[PDB]
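Residue numbers (the authors' numbering), protein chains in the order written: chain F, 219 to 322; chain G, 219 to 738; chain A, 219 to 322; chain E, 219 to 738.
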Ligand SMILES: OC[C@H]1O[C@@H](O)[C@H](O)[C@@H](O)[C@H]1O
Ligand SMILES: OC[C@H]1O[C@@H](O)[C@H](O)[C@@H](O)[C@H]1O
């Protein structure tokens with residue numbers, strides 16, 4: 219069972235090269251602050267200031283944060299990238315699996 | 219189930235002597251700090267400074283720490299070592315079992331000048347083993363930081379770093395960088411425990427015994443040999459010295475001339491240093507007159523060197539300069555400490571099969587004789603392996619290393635460590651451990667820069683390592699009593715191998731493993 | 219059945235990379251002359267001539283010829299050698315198969 | 219069993235018309251020489267000579283030859299082509315079958331001035347196919363060397379070479395070298411035969427038909443549209459021209475103003491050249507005024523270009539400079555041959571859905587109007603694809619290529635060849651063939667140098683290629699008679715599509731595939 223005195227999961231970083239599949243995995247440690255003092259806030263930029271008409275926007279900034287893994291260097295070491303680009307014509311993602319654990 | 223209020227495991231220290239097995243176990247308490255503020259750091263030393271070309275290095279120092287149990291005194295009490303070396307010809311490890319348990323993790327903070335420490339229940343630690351030997355193997359270099367010899371001491375886990383190819387202080391193209399967070403590891407909170415098992419690959423018994431016969435004396439003292447040797451090349455007793463070839467059978471009278479099947483082990487000479495000071499030369503020859511090997515433009519002192527007898531008969535005072543292992547007495551400084559502080563080990567017992575470290579291997583001819591030219595025989599300082607050659611490995615000690623990792627290479631010759639030990643192609647996996655970093659409060663506005671501010675933290679806990687040793691029982695028909703390792707009978711200020719008035723454990727002398735005799 | 223009007227075998231050159239095996243094959247065209255007019259001949263070199271004592275030999279030269287494939291470049295294209303040395307720590311031969319065919 | 223005295227296969231030429239399938243087959247006799255004296259040779263052309271930067275290349279010419287059947291006239295007699303184009307809307311290939319048989323191999327020698335040729339029974343040939351498309355695919359570039367149109371001719375197999383990345387005449391790092399002996403191939407003596415089967419990937423029917431409606435006339439001529447357009451921006455009939463917006467429904471009166479769902483196909487303009495000479499300008503604009511595309515610093519003429527109508531109504535004499543395929547009449551020189559020798563193909567039938575090659579695609583506005591500024595409308599010379607746009611592919615011809623290989627790339631837009639044909643991602647494998655070299659007598663003393671002296675040799679034999687075509691039958695309610703392809707009724711000096719007095723077969727005119735009509 220879960221508790222304050224038992225870890226939620228384990229650290230994992232690997233590249234498993236098997237046949238035509240390569241399974242890359244990465245684990246990181248993150249810190250999530252409190253944004254906007256827990257407020258949604260209208261944010262906007264008008265042409266009234268030094269801004270031009272091209273740079274104007276209207277939107278909202280939330281308290282919520284989000285994870286972005288969308289860059290390759292997250293999932294590949296420079297060596298794992300070298301095996302990839304040297305030996306292979308093409309690659310495409312199949313499936314991903316995502317985990318939060320060990321929350322302080 | 220695990221929890222903050224239940225212990226992970228139990229304390230165990232024993233030696234279980236059963237038949238041909240002895241299972242030794244040890245438990246210690248450790249404290250693992252935070253190294254490098256959770257940073258990998260290039261470290262290097264160039265010749266630009268006062269350093270020479272020999273002392274240059276390039277490498278990385280990690281945050282990770284590691285356990286080193288590689289010394290014998292970790293697994294044996296001085297009494298358990300005495301049962302071992304007195305009653306047994308040989309021993310080799312079979313399997314080991316290793317445990318982390320009872321993990322406390324504590325955050326320490328500074329307020330003005332006062333320090334305070336408090337449990338952090340939710341913090342973790344990361345522990346993996348390299349089973350596939352995919353890391354620089356840092357054990358077997360005889361570094362400090364082993365579990366204490368005495369079970370009541372708490373020890374500090376050493377930092378893990380490694381060295382890589384260099385040119386000067388600069389790195390070459392084949393230099394490798396290993397990120398240790400890139401392995402799978404297990405993360406443990408205060409209720410979790412870590413364990414794994416390991417099984418040693420079959421390895422020849424360390425031979426603990428001395429030969430009761432020297433190598434050249436294997437002959438029968440009573441009987442002559444049917445072989446002949448060339449005794450005299452010149453006419454004897456005649457008024458003219460006209461040469462004539464005369465032959466003789468060797469016998470009890472001249473044994474040095476008999477034909478022999480075997481030759482002493484290989485010889486790579488050392489410089490001779492006398493403990494009596496007035497005998498040694500006046501100069502500093504320690505580095506200059508040293509026996510060195512030259513590898514890639516760097517002269518590396520040869521230490522301890524190939525196994526070779528320390529000194530010949532009735533010379534106690536001489537020892538090879540780099541030839542012998544040297545252990546310090548308790549509380550010995552690290553720099554230019556006097557002779558009285560170190561404990562010099564000595565090999566008496568390999569004099570039979572091995573040459574003396576400080577003397578020539580032998581003598582060979584330098585020329586082809588003629589009626590005109592006299593024969594000239596040169597000395598052999600260095601001798602590699604020859605067919606029909608036998609030698610003994612260096613003796614293991616209670617303070618010395620247990621094993622070393624045989625490098626992975628195309629070829630090797632008699633792969634046994636020169637420090638003594640068990641050469642292993644797949645030694646016990648080295649166990650890496652680190653405190654998982656906990657960030658200090660991040661800013662309220664996002665910034666890409668990585669978080670450099672962490673909570674000061676350290677973890678403590680209990681570690682158990684249990685090795686199963688296989689014994690080779692002594693079976694011998696010797697009539698007269700053996701030499702044994704015995705503690706001193708006469709009174710002493712304080713007991714040997716025991717704590718002093720102030721609580722400091724100390725080992726008085728190095729204890730070699732070979733008191734028993736065999737026939738060569 | 220064999221005959222003057224049917225080929226004995228087929229041309230084959232490949233490198234088949236499968237798992238931990240690589241099967242390399244090579245086919246060449248050879249021409250075998252008639253040596254020594256079908257004679258065994260003593261051949262020797264003495265120190266009598268300008269030769270020194272180190273260069274002297276005694277032996278026989280036969281009519282027979284022989285095949286030597288013993289060099290790597292016979293069995294690997296420079297690309298097949300590149301796949302080999304870049305991706306792999308070690309290699310050792312397992313078995314070979316050898317053929318003469320299409321004899322004119 | 220095979221042997222020197224039994225034939226490998228039989229002659230076959232037919233067209234089997236059954237239902238929706240037509241199986242056409244052809245057999246020819248070929249002669250394959252020895253190219254490059256059995257050598258691979260770097261070939262290149264630099265700008266150092268009179269060449270320009272556009273004409274530079276780097277590549278290799280091999281000994282290997284190859285079969286090219288890629289032209290229609292190989293697989294169809296002019297009558298079989300007439301049944302096809304008259305009775306059928308569309309056709310696409312299904313599968314082909316290919317055979318080598320009846321192989322003679324002959325060695326020729328020179329003695330003084332007299333030549334003699336004699337069978338070599340033991341010599342072989344090497345034939346492989348690239349099934350996996352691991353070679354430069356040299357077919358589809360409309361090179362010469364196809365099987366003759368007329369079955370009685372013997373043809374010479376063309377040499378195989380390929381081009382690779384270059385910078386000037388020099389080769390860059392990504393330049394590839396392909397050794398063709400490095401594939402598995404089959405070696406055939408005079409009794410052996412070679413065969414393989416191939417099955418075309420599903421491909422849209424080539425559309426052989428013309429539209430009976432222009433694209434803009436799809437409207438009902440009787441009825442008005444309920445939509446309105448802006449007819450007049452100015453007050454009409456008044457003494458003052460003060461602007462007023464006035465709207466109107468388009469109808470039979472003004473059709474050009476109606477709202478339409480679809481737009482003509484894309485336009486990339488060509489220069490207009492008139493067959494009547496006095497109308498064309500006096501200068502050489504052929505290269506200078508040409509429509510070119512600029513790729514990697516090299517200007518490459520756009521030929522034939524995107525499918526676009528040759529000329530508009532009641533202009534016969536104008537044709538786009540590079541826009542049309544151009545075939546030569548029998549016995550036409552390769553350099554600066556007069557207009558009367560070439561046969562210009564023309565697209566009449568795509569005028570409905572496609573823009574004229576020599577005129578603008580349309581007109582768009584160049585400015586935002588104001589009371590101060592007058593509206594200015596610019597011409598659109600080049601127009602890419604827009605939504606709601608329809609076009610016809612270029613018409614295949616009896617002399618033209620059947621297919622081309624769709625390059626392997628991340629993306630393509632409507633991958634159909636601009637020469638016309640069937641774009642295929644995996645076209646028929648190109649078949650390579652070579653004479654296995656036979657050495658001339660080697661020296662009697664060994665020498666490492668490769669053997670440069672070979673027996674002069676060549677091989678001949680029979681080749682059969684059989685393609686199964688799928689037909690799309692014409693089903694139409696049209697009342698009045700179609701246009702058909704008909705041979706001339708009036709008397710002639712010699713029959714069209716038949717041999718002349720001297721034995722030379724000739725094709726009088728290119729025969730386009732679309733005589734039938736459909737509704738657009
Ligand atoms: O000056 C004596 C010193 O010489 C150096 O070359 C060496 O690094 C030291 O170990 C010591 O031998
Ligand atoms: O001088 C006219 C020539 O100009 C060159 O640039 C071109 O290679 C030729 O095709 C021809 O156009």
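All C-beta atoms in this analysis are idealised placements derived from N, C-alpha and C, irrespective of residue type, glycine included.
Under 8 Å between beta-carbons, which chain F residues line up against residue i? List them in chain order, please.
i: residue 399 of chain G; result: 229, 231 and 245
Comparing alpha-carbon positions, which option in the options lies nearest residue i?
i: residue 438 of chain G; options: G:220, G:458, G:459 and G:477; result: G:477
i: residue 382 of chain G; options: G:374, G:391 and G:550; result: G:391
i: residue 280 of chain E; options: E:329, E:723 and E:397; result: E:397
i: residue 597 of chain E; options: E:485, E:357 and E:652; result: E:485
i: residue 301 of chain G; options: G:235, G:267 and G:333; result: G:235
i: residue 251 of chain A; options: E:524, E:659, E:554 and E:643; result: E:659
i: residue 524 of chain G; options: G:375, G:515, G:225 and G:539; result: G:539
i: residue 402 of chain E; options: E:519, E:268, E:668 and E:350; result: E:350
i: residue 376 of chain G; options: G:369, G:429 and G:365; result: G:365
i: residue 354 of chain G; options: G:342, G:340, G:380 and G:374; result: G:380
i: residue 407 of chain E; options: E:679, E:719, E:340 and E:242; result: E:340
i: residue 226 of chain F; options: G:605, G:667, G:314 and G:410; result: G:410
i: residue 338 of chain G; options: G:327, G:634 and G:255; result: G:327
i: residue 510 of chain E; options: E:516, E:501, E:503 and E:520; result: E:520
i: residue 487 of chain G; options: G:399, G:528 and G:720; result: G:528
i: residue 614 of chain E; options: E:648, E:639 and E:593; result: E:639
i: residue 243 of chain F; options: F:298, F:307 and F:264; result: F:298
Listing by chain order, which chain G residues have their CB less than 9 Å from the CB of residue i?
i: residue 252 of chain F; result: 662
i: residue 295 of chain F; result: 397 and 400
Residues of chain E with a CB under 8 Å from the CB of residue i: which are they?
i: residue 322 of chain A; result: 340, 341 and 656
Starting from residue i, find everything on chain G with Cβ-Cβ shorter than 7 Å and list it in chain order.
i: residue 222 of chain F; result: 222, 339 and 340
Run down chain F in chain order and give the residues with a C-beta less than 7 Å from the C-beta of residue i.
i: residue 328 of chain G; result: Chain F residues near residue 328 of chain G: none, gap ~21 Å exceeds 7 Å.
i: residue 344 of chain G; result: 229
i: residue 669 of chain G; result: 249
i: residue 219 of chain G; result: 219
Tell me, which residues are paired with residue i by DSSP?
i: residue 462 of chain G; result: In DSSP, residue 462 of chain G forms no bridge with anything.
i: residue 640 of chain G; result: G:621
i: residue 574 of chain E; result: E:527
i: residue 797 of chain G; result: With chain G running from 219 to 738 in the structure shown, residue 797 of chain G is simply not present.
i: residue 388 of chain E; result: E:385
i: residue 243 of chain G; result: G:232 and G:684
i: residue 380 of chain G; result: G:278
i: residue 485 of chain E; result: E:601
i: residue 745 of chain G; result: The displayed coordinates of chain G run from 219 to 738. Any statement about residue 745 of chain G would go beyond what the structure contains.
i: residue 715 of chain G; result: According to DSSP, residue 715 of chain G bridges with nothing at all.
i: residue 735 of chain G; result: G:428
i: residue 721 of chain G; result: Paired residue(s): none; residue 721 of chain G is not in a bridge.
So which residues of chain A does residue i contact, with C-beta pairs closer than 7 Å?
i: residue 408 of chain E; result: 223
Listing by chain order, which chain A residues have their CB less than 9 Å from the CB of residue i?
i: residue 404 of chain E; result: 225, 228 and 229
(request) Write down every uninterrupted run of the alpha helix (DSSP H) in the segment 295 to 373 of chain E whose length is 4 residues or greater and which is fully enclosed by it, in chain order. (result) As far as the segment 295 to 373 of chain E is concerned, its whole alpha helix (DSSP H) runs of at least 4 residues are 296 to 305.
(request) May I have all residues whose beta carbon comes closer than 6 Å to any heavy atom of ligand 2, sorted in chain order? (result) In chain order, the hits are E:270, E:272, E:273, E:504 and E:505.
(message) At 3 residues or longer, what runs of the beta strand (DSSP E) sit wholly inside the segment 429 to 473 of chain G?
(response) Those beta strand (DSSP E) runs which fall completely within the segment 429 to 473 of chain G and span 3+ residues are 446 to 452 and 461 to 467.
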